[PDB]
Every structure is written in structure tokens, then in C-alpha cells.
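Chemist: Here you go, one structure.
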Number of protein chains: 2
Amino acid sequence: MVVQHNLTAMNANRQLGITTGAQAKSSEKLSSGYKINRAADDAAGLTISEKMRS
Amino acid sequence: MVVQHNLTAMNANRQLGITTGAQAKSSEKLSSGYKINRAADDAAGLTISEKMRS
């Protein structure tokens, strides 16, 4: 083992970051009840929806 | 189910409107006693009924 860098943990950490990212993306859709809150969800769908809302 | 738009209720609402349109257009004829109350009912029979009243 290397004492100086816990590379077993830094990957568990990076994967935890990807998972807590996907969780805050999901939680927002449930609290707002919109699948598309920003263009980064679905740019054609944000655009198409504003045409249809209008 | 989407929480953010109850489309079965918007349908039942939009059909309830069409139904109580038909109900109020029937009710007017029963209370007044005339089939043609206004020229939207049929304009040939409004026109002919004024020539026959005349």
C-alpha cells in the first residue's frame, strides 16, 4: 500500500460526486414537477415547449 | 402520471363546458317558449318567421 495517496478512496469519492450530481438533477424534477428546468436537460424540448406554451 | 398537468381533468372540464353550453341553449327555449330565440338558432327560420309575423 502507499500511505501517501489513498487512490482506493479518491475513486470512491469521484464516483460519489457523479452520484450526488445525478441525485440533485433528479430531485429538482420532482420538487418542480418539470422534466426540463434548463436547456441543459433537453434543448430541443425547452425550445419546442416554449413554442407550445406560447 | 404527471403531477404538473392533470389532462384527464382538463378534458372533463372542456367536455363539461360543451355540455352546459347545450344545456343553457335548451333551457332558454323552454323558459321563452320559442325554438328560435336568436338568429344563431337558424337564420332562414328567423327570417321566414318575421315575414310570417308580418
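Residue numbering restarts at 1 in every chain; chains get A, B, ... in the order shown in the C-alpha cells, and ligands count up from 1 in that same order.
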Which polymer residues have any atom within 12 Å of an atom of residue 49 of chain A, counting only C-alpha atoms, with same-chain residues fewer than 4 positions away left out, as a VMD selection string?
Modeler: chain A and resid 34 to 39 42 to 45 53 to 54
Chemist: Could you make a table, as a tab-separated table, of the residues of chain B that have an atom within 10 Å of an atom of chain A, each with its nearest atom pair and distance in Å to one decimal, counting only C-alpha atoms, in chain and number order?
Modeler:
residue	atom	partner	partner_atom	distance
B:2	CA	A:33	CA	7.5
B:3	CA	A:33	CA	6.5
B:4	CA	A:33	CA	5.6
B:5	CA	A:33	CA	9.3
Chemist: May I have the selected residues written with C-alpha atoms, as a tab-separated table (two decimals), in the first residue's frame?
Modeler:
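Result file is selection.tsv:
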chain	number	residue	atom	x	y	z
B	2	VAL	CA	-47.54	13.87	-14.48
B	3	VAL	CA	-48.43	15.88	-11.38
B	4	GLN	CA	-47.93	19.25	-13.15
B	5	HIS	CA	-50.94	18.97	-15.58
Chemist: Mind doing a quick least-squares superposition of chain B onto chain A, all C-alpha atoms paired one-to-one in order, and writing it out as a PDB file with N, CA and C atoms, in the first residue's frame?
Modeler:
ATOM      1  N   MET B   1       0.765  -1.209   0.146  1.00  0.00           N
ATOM      2  CA  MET B   1      -0.076  -0.003  -0.008  1.00  0.00           C
ATOM      3  C   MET B   1       0.765   1.252   0.164  1.00  0.00           C
ATOM      4  N   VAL B   2       0.563   2.258  -0.690  1.00  0.00           N
ATOM      5  CA  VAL B   2       1.045   3.601  -0.394  1.00  0.00           C
ATOM      6  C   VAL B   2       0.172   4.244   0.675  1.00  0.00           C
ATOM      7  N   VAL B   3       0.821   4.861   1.650  1.00  0.00           N
ATOM      8  CA  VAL B   3       0.175   5.640   2.701  1.00  0.00           C
ATOM      9  C   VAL B   3      -0.137   7.060   2.224  1.00  0.00           C
ATOM     10  N   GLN B   4       0.663   7.581   1.295  1.00  0.00           N
ATOM     11  CA  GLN B   4       0.699   8.985   0.906  1.00  0.00           C
ATOM     12  C   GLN B   4      -0.363   9.393  -0.123  1.00  0.00           C
ATOM     13  N   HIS B   5      -1.144   8.465  -0.675  1.00  0.00           N
ATOM     14  CA  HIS B   5      -2.315   8.715  -1.526  1.00  0.00           C
ATOM     15  C   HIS B   5      -3.233   7.506  -1.571  1.00  0.00           C
ATOM     16  N   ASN B   6      -4.361   7.586  -0.889  1.00  0.00           N
ATOM     17  CA  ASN B   6      -5.355   6.525  -0.874  1.00  0.00           C
ATOM     18  C   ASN B   6      -6.197   6.548  -2.154  1.00  0.00           C
ATOM     19  N   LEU B   7      -5.756   5.883  -3.218  1.00  0.00           N
ATOM     20  CA  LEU B   7      -6.418   5.982  -4.528  1.00  0.00           C
ATOM     21  C   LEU B   7      -7.779   5.295  -4.580  1.00  0.00           C
ATOM     22  N   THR B   8      -8.040   4.326  -3.716  1.00  0.00           N
ATOM     23  CA  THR B   8      -9.380   3.741  -3.617  1.00  0.00           C
ATOM     24  C   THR B   8     -10.366   4.762  -3.065  1.00  0.00           C
ATOM     25  N   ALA B   9      -9.946   5.600  -2.123  1.00  0.00           N
ATOM     26  CA  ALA B   9     -10.773   6.654  -1.579  1.00  0.00           C
ATOM     27  C   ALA B   9     -10.963   7.812  -2.540  1.00  0.00           C
ATOM     28  N   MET B  10      -9.935   8.239  -3.271  1.00  0.00           N
ATOM     29  CA  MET B  10     -10.083   9.189  -4.377  1.00  0.00           C
ATOM     30  C   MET B  10     -11.006   8.686  -5.476  1.00  0.00           C
ATOM     31  N   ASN B  11     -11.012   7.395  -5.790  1.00  0.00           N
ATOM     32  CA  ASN B  11     -11.994   6.812  -6.696  1.00  0.00           C
ATOM     33  C   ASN B  11     -13.410   6.840  -6.144  1.00  0.00           C
ATOM     34  N   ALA B  12     -13.601   6.432  -4.894  1.00  0.00           N
ATOM     35  CA  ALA B  12     -14.917   6.366  -4.287  1.00  0.00           C
ATOM     36  C   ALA B  12     -15.481   7.760  -4.095  1.00  0.00           C
ATOM     37  N   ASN B  13     -14.668   8.726  -3.678  1.00  0.00           N
ATOM     38  CA  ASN B  13     -14.981  10.141  -3.734  1.00  0.00           C
ATOM     39  C   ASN B  13     -15.401  10.593  -5.134  1.00  0.00           C
ATOM     40  N   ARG B  14     -14.613  10.345  -6.171  1.00  0.00           N
ATOM     41  CA  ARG B  14     -14.946  10.807  -7.519  1.00  0.00           C
ATOM     42  C   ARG B  14     -16.207  10.161  -8.078  1.00  0.00           C
ATOM     43  N   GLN B  15     -16.515   8.918  -7.724  1.00  0.00           N
ATOM     44  CA  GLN B  15     -17.798   8.258  -8.019  1.00  0.00           C
ATOM     45  C   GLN B  15     -18.971   8.736  -7.166  1.00  0.00           C
ATOM     46  N   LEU B  16     -18.743   9.111  -5.917  1.00  0.00           N
ATOM     47  CA  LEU B  16     -19.761   9.697  -5.069  1.00  0.00           C
ATOM     48  C   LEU B  16     -20.210  11.047  -5.608  1.00  0.00           C
ATOM     49  N   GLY B  17     -19.289  11.891  -6.057  1.00  0.00           N
ATOM     50  CA  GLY B  17     -19.612  13.085  -6.831  1.00  0.00           C
ATOM     51  C   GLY B  17     -20.517  12.814  -8.036  1.00  0.00           C
ATOM     52  N   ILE B  18     -20.174  11.891  -8.926  1.00  0.00           N
ATOM     53  CA  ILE B  18     -21.008  11.594 -10.111  1.00  0.00           C
ATOM     54  C   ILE B  18     -22.415  11.115  -9.730  1.00  0.00           C
ATOM     55  N   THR B  19     -22.535  10.400  -8.618  1.00  0.00           N
ATOM     56  CA  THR B  19     -23.791   9.873  -8.102  1.00  0.00           C
ATOM     57  C   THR B  19     -24.671  10.956  -7.528  1.00  0.00           C
ATOM     58  N   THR B  20     -24.148  11.894  -6.732  1.00  0.00           N
ATOM     59  CA  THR B  20     -24.961  12.986  -6.182  1.00  0.00           C
ATOM     60  C   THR B  20     -25.087  14.195  -7.104  1.00  0.00           C
ATOM     61  N   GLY B  21     -24.377  14.224  -8.217  1.00  0.00           N
ATOM     62  CA  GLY B  21     -24.818  14.983  -9.375  1.00  0.00           C
ATOM     63  C   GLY B  21     -26.122  14.428  -9.914  1.00  0.00           C
ATOM     64  N   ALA B  22     -26.154  13.158 -10.297  1.00  0.00           N
ATOM     65  CA  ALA B  22     -27.371  12.530 -10.794  1.00  0.00           C
ATOM     66  C   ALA B  22     -28.530  12.642  -9.796  1.00  0.00           C
ATOM     67  N   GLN B  23     -28.296  12.476  -8.492  1.00  0.00           N
ATOM     68  CA  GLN B  23     -29.339  12.637  -7.488  1.00  0.00           C
ATOM     69  C   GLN B  23     -29.927  14.052  -7.440  1.00  0.00           C
ATOM     70  N   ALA B  24     -29.119  15.114  -7.394  1.00  0.00           N
ATOM     71  CA  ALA B  24     -29.627  16.487  -7.359  1.00  0.00           C
ATOM     72  C   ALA B  24     -30.323  16.913  -8.658  1.00  0.00           C
ATOM     73  N   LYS B  25     -29.944  16.356  -9.804  1.00  0.00           N
ATOM     74  CA  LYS B  25     -30.630  16.613 -11.073  1.00  0.00           C
ATOM     75  C   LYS B  25     -31.969  15.895 -11.158  1.00  0.00           C
ATOM     76  N   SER B  26     -32.132  14.737 -10.517  1.00  0.00           N
ATOM     77  CA  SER B  26     -33.436  14.081 -10.318  1.00  0.00           C
ATOM     78  C   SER B  26     -34.321  14.821  -9.334  1.00  0.00           C
ATOM     79  N   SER B  27     -33.785  15.206  -8.180  1.00  0.00           N
ATOM     80  CA  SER B  27     -34.513  15.894  -7.110  1.00  0.00           C
ATOM     81  C   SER B  27     -35.137  17.218  -7.550  1.00  0.00           C
ATOM     82  N   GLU B  28     -34.457  17.976  -8.413  1.00  0.00           N
ATOM     83  CA  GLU B  28     -34.940  19.236  -8.958  1.00  0.00           C
ATOM     84  C   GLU B  28     -36.229  19.042  -9.750  1.00  0.00           C
ATOM     85  N   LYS B  29     -36.318  17.981 -10.558  1.00  0.00           N
ATOM     86  CA  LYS B  29     -37.477  17.636 -11.386  1.00  0.00           C
ATOM     87  C   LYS B  29     -38.670  17.211 -10.565  1.00  0.00           C
ATOM     88  N   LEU B  30     -38.447  16.557  -9.435  1.00  0.00           N
ATOM     89  CA  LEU B  30     -39.527  16.093  -8.567  1.00  0.00           C
ATOM     90  C   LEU B  30     -40.105  17.232  -7.755  1.00  0.00           C
ATOM     91  N   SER B  31     -39.245  18.077  -7.202  1.00  0.00           N
ATOM     92  CA  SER B  31     -39.699  19.232  -6.462  1.00  0.00           C
ATOM     93  C   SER B  31     -40.377  20.262  -7.363  1.00  0.00           C
ATOM     94  N   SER B  32     -39.845  20.527  -8.570  1.00  0.00           N
ATOM     95  CA  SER B  32     -40.430  21.482  -9.518  1.00  0.00           C
ATOM     96  C   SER B  32     -41.624  20.969 -10.295  1.00  0.00           C
ATOM     97  N   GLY B  33     -41.661  19.678 -10.607  1.00  0.00           N
ATOM     98  CA  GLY B  33     -42.681  19.071 -11.436  1.00  0.00           C
ATOM     99  C   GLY B  33     -42.379  19.146 -12.916  1.00  0.00           C
ATOM    100  N   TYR B  34     -41.256  19.733 -13.347  1.00  0.00           N
ATOM    101  CA  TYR B  34     -40.840  19.802 -14.744  1.00  0.00           C
ATOM    102  C   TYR B  34     -39.609  18.963 -15.035  1.00  0.00           C
ATOM    103  N   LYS B  35     -39.695  18.174 -16.106  1.00  0.00           N
ATOM    104  CA  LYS B  35     -38.655  17.315 -16.671  1.00  0.00           C
ATOM    105  C   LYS B  35     -37.504  18.137 -17.226  1.00  0.00           C
ATOM    106  N   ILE B  36     -37.811  19.142 -18.035  1.00  0.00           N
ATOM    107  CA  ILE B  36     -36.899  20.194 -18.485  1.00  0.00           C
ATOM    108  C   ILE B  36     -37.028  21.404 -17.557  1.00  0.00           C
ATOM    109  N   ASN B  37     -36.112  21.580 -16.607  1.00  0.00           N
ATOM    110  CA  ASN B  37     -36.034  22.788 -15.776  1.00  0.00           C
ATOM    111  C   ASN B  37     -35.149  23.858 -16.425  1.00  0.00           C
ATOM    112  N   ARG B  38     -34.153  23.424 -17.182  1.00  0.00           N
ATOM    113  CA  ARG B  38     -33.138  24.281 -17.760  1.00  0.00           C
ATOM    114  C   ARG B  38     -32.640  23.673 -19.052  1.00  0.00           C
ATOM    115  N   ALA B  39     -32.189  24.465 -20.008  1.00  0.00           N
ATOM    116  CA  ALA B  39     -31.971  24.018 -21.380  1.00  0.00           C
ATOM    117  C   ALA B  39     -30.883  22.946 -21.551  1.00  0.00           C
ATOM    118  N   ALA B  40     -30.010  22.757 -20.564  1.00  0.00           N
ATOM    119  CA  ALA B  40     -29.132  21.598 -20.478  1.00  0.00           C
ATOM    120  C   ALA B  40     -29.873  20.243 -20.441  1.00  0.00           C
ATOM    121  N   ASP B  41     -31.143  20.195 -20.042  1.00  0.00           N
ATOM    122  CA  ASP B  41     -31.908  18.948 -19.912  1.00  0.00           C
ATOM    123  C   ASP B  41     -32.254  18.328 -21.275  1.00  0.00           C
ATOM    124  N   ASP B  42     -32.866  19.106 -22.177  1.00  0.00           N
ATOM    125  CA  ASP B  42     -32.758  18.934 -23.633  1.00  0.00           C
ATOM    126  C   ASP B  42     -33.247  20.192 -24.356  1.00  0.00           C
ATOM    127  N   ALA B  43     -32.415  20.742 -25.239  1.00  0.00           N
ATOM    128  CA  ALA B  43     -32.641  22.076 -25.774  1.00  0.00           C
ATOM    129  C   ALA B  43     -33.713  22.099 -26.867  1.00  0.00           C
ATOM    130  N   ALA B  44     -33.922  20.998 -27.584  1.00  0.00           N
ATOM    131  CA  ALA B  44     -35.031  20.883 -28.527  1.00  0.00           C
ATOM    132  C   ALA B  44     -36.378  20.934 -27.814  1.00  0.00           C
ATOM    133  N   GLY B  45     -36.517  20.279 -26.665  1.00  0.00           N
ATOM    134  CA  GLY B  45     -37.747  20.220 -25.890  1.00  0.00           C
ATOM    135  C   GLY B  45     -37.989  21.454 -25.060  1.00  0.00           C
ATOM    136  N   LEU B  46     -36.961  22.179 -24.619  1.00  0.00           N
ATOM    137  CA  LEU B  46     -37.149  23.531 -24.109  1.00  0.00           C
ATOM    138  C   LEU B  46     -37.697  24.450 -25.197  1.00  0.00           C
ATOM    139  N   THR B  47     -37.049  24.497 -26.359  1.00  0.00           N
ATOM    140  CA  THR B  47     -37.485  25.278 -27.511  1.00  0.00           C
ATOM    141  C   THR B  47     -38.902  24.936 -27.937  1.00  0.00           C
ATOM    142  N   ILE B  48     -39.247  23.661 -28.114  1.00  0.00           N
ATOM    143  CA  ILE B  48     -40.592  23.250 -28.511  1.00  0.00           C
ATOM    144  C   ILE B  48     -41.586  23.547 -27.397  1.00  0.00           C
ATOM    145  N   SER B  49     -41.264  23.323 -26.128  1.00  0.00           N
ATOM    146  CA  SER B  49     -42.166  23.663 -25.027  1.00  0.00           C
ATOM    147  C   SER B  49     -42.454  25.144 -24.920  1.00  0.00           C
ATOM    148  N   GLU B  50     -41.514  26.037 -25.219  1.00  0.00           N
ATOM    149  CA  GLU B  50     -41.835  27.459 -25.289  1.00  0.00           C
ATOM    150  C   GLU B  50     -42.737  27.804 -26.468  1.00  0.00           C
ATOM    151  N   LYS B  51     -42.564  27.193 -27.643  1.00  0.00           N
ATOM    152  CA  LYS B  51     -43.520  27.359 -28.752  1.00  0.00           C
ATOM    153  C   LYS B  51     -44.890  26.767 -28.447  1.00  0.00           C
ATOM    154  N   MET B  52     -44.981  25.729 -27.636  1.00  0.00           N
ATOM    155  CA  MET B  52     -46.273  25.184 -27.226  1.00  0.00           C
ATOM    156  C   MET B  52     -46.915  25.948 -26.061  1.00  0.00           C
ATOM    157  N   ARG B  53     -46.163  26.454 -25.084  1.00  0.00           N
ATOM    158  CA  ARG B  53     -46.656  27.400 -24.077  1.00  0.00           C
ATOM    159  C   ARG B  53     -47.181  28.651 -24.752  1.00  0.00           C
ATOM    160  N   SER B  54     -46.440  29.165 -25.729  1.00  0.00           N
ATOM    161  CA  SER B  54     -46.795  30.309 -26.569  1.00  0.00           C
ATOM    162  C   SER B  54     -48.077  30.069 -27.350  1.00  0.00           C
TER     163      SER B  54
END
Chemist: Taking the DSSP assignment computed from this structure's backbone, write out as a ChimeraX atom specification all residues of chain B that belong to helix (DSSP H, G or I).
Modeler: /B:7-32,43-53
